[PDB]
Amino acid sequence: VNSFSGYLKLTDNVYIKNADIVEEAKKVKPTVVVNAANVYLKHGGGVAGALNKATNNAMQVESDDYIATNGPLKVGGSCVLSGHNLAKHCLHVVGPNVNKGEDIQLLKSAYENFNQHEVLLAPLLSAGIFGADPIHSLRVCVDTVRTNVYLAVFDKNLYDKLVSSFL
Ligand SMILES: O=C(O)C[C@H](NC(=O)c1ncnc2[nH]ccc12)c1cccc(Cl)c1
């Protein structure tokens with residue numbers, strides 16, 4: 001038993017809510033919150049900019065030190081950093097950004113990173129300003145992640161569309 005609340009059950013292990021992931025994180029303090037990152041960990045907008053803003057830019061400061069030491073991530077890859085005031089850990093996961101011309105086939109690889117953590121609060125990878133089809137991303141999530149994932153969908157209209165079309 002965990003302390004996520006009001007989540008619609010999609011499958012054995014995937015639950016979904018129309019909620020601001022930043023607000024969910026502040027309320028639950030999960031072990032792992034997933035950031036929809038880019039390879040440079042430049043947290044400008046979307047999930048990343050919003051999470052980072054909620055940490056008072058501490059996420060960005062930590063991320064810049066990480067990149068200075070390790071170089072960029074791979075598209076499809078991830079790293080574990082602090083969750084600051086939002087969670088124990090933040091799993092920064094790089095899905096493909098369609099508006100950058102990146103390979104949508106890498107979405108499955110991106111979701112595979114979730115399997116290294118027993119429970120996660122997460123956004124829908126490559127949705128929003130990443131420009132991929134959110135219905136497809138949800139299908140990849142359910143068909144790839146085996147651990148317990150709680151998806152927080154910001155856009156109300158998107159949430160309703162995702163629920164009503166889910167097979
Ligand atoms: O679920 C959605 O609607 C799509 C979701 N977006 C957000 O979670 C979001 N976007 C902008 N500002 C925000 N502030 C608090 C949350 C938040 C998303 C998912 C993957 C990549 C990106 Cl880039 C965006």
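J.: A description of unusual backbone geometry should follow, citing residues and the corresponding values.
T.: Positioned with a positive phi, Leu41 is a non-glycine residue whose angle comes to about 55°. For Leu41, the position within the fold is in the loop between β3 (32–36) and α2 (46–54). Here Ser126, not a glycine, exhibits a phi torsion of approximately 65°, which is positive. Inspection of the secondary structure assignment puts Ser126 in the loop between β6 (119–122) and α5 (134–144).

J.: Tell me about the site of the ligand, and please be specific about residues and values.
T.: Close to the ligand lie 15 residues; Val47, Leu124, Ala127, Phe154 and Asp155 are nearest. At 2.8 Å from an oxygen atom of the ligand is found a main-chain nitrogen or oxygen belonging to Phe154. Here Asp155 contributes a backbone N or O atom positioned 3.0 Å from an oxygen atom of the ligand. More than half of the atoms belonging to the ligand lie within 2 Å of the grid points that define the largest pocket. Here the shell around the ligand gets three residues from one element, more than from any other, and that element is α2.

J.: Could you give me a rundown of the pairing of β3, with the residues and numbers involved?
T.: Counting buried residues along β3, five of its five residues qualify, which places the element largely inside the surrounding structure. The alternating pattern of β3 places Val32, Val34 and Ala36 on one face and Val33 and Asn35 on the opposite face, and all of these are buried. One ladder, built from five bridges, connects β3 with strand β5 (residues 89–93); its direction is parallel. In the strand pairing of β5, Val34 is matched with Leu91.

J.: Got a sec to walk through the nonpolar core? Specific residues and values, please.
T.: Grouped together as the largest cluster of nonpolar side chains are 26 residues, with contacts concentrated most on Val34, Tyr111, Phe114, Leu125, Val149 and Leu151. Mapped onto this core, the elements with two or more residues apiece are β2 (14–18), β3, β5, α4 (107–112), β6, α5, β7 (148–153) and α6 (156–165). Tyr7, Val22, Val28 and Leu121 belong to the second-largest nonpolar core, a separate cluster that totals 15 residues.

J.: Any chance you could break down the state of the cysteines for me, citing the residues and the numbers?
T.: For the coordinates displayed, the defined rule picks out zero disulfides. Counting only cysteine sulfurs, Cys90 is the nearest neighbor of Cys141, a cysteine outside any disulfide, at a range of 16 Å.

J.: Kindly report on the layout of surface pockets, identifying the contributing residues and their values.
T.: Using a probe with the size of a water molecule, rolled over the atoms, empty space left in the structure can be pinpointed. Reported here for the largest pocket is a volume of approximately 600 Å³. In terms of lining, the largest pocket is formed by 29 residues, of which the most central are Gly46, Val47, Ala127, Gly128 and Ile129. When contributions to the lining of the largest pocket are tallied by element, the ones reaching two or more residues are α1 (21–28), α2 and β7. A total of four residues in the lining of the largest pocket trace back to one element, the largest contributor, which is α2.

Scoring rules and cut-offs
- Residues numbered from 1 in each chain as written, not as in the entry; some residues may be left out.
- Heavy atoms only, no water.
- Helix = DSSP H or I, 4+ residues; strand = E, 2+ residues; numbered from the N terminus.
- Near = heavy atom within 4 Å.
- Polar contact = N/O pair within 3.5 Å; in protein donor to acceptor, adjacent residues only side chain to side chain.
- 1 Å grid on protein atoms, 1.4 Å probe; cavity = no way out; pocket = protein on both sides within 12 Å on 5 of 7 lines; lining within 4 Å.
- Sits in = over half its atoms within 2 Å of the grid points.
- Buried < 20%, exposed > 50% of the residue type's maximum accessible area, 1.4 Å probe, protein only.
- Pairing = 2+ DSSP bridges.
- Core = buried A, V, L, I, M, F, W, Y, C linked by side-chain atoms within 4.5 Å.
- Disulfide = S-S within 2.5 Å.
- Points joined across faces, edges and corners; volume = space filled by probe spheres on them.

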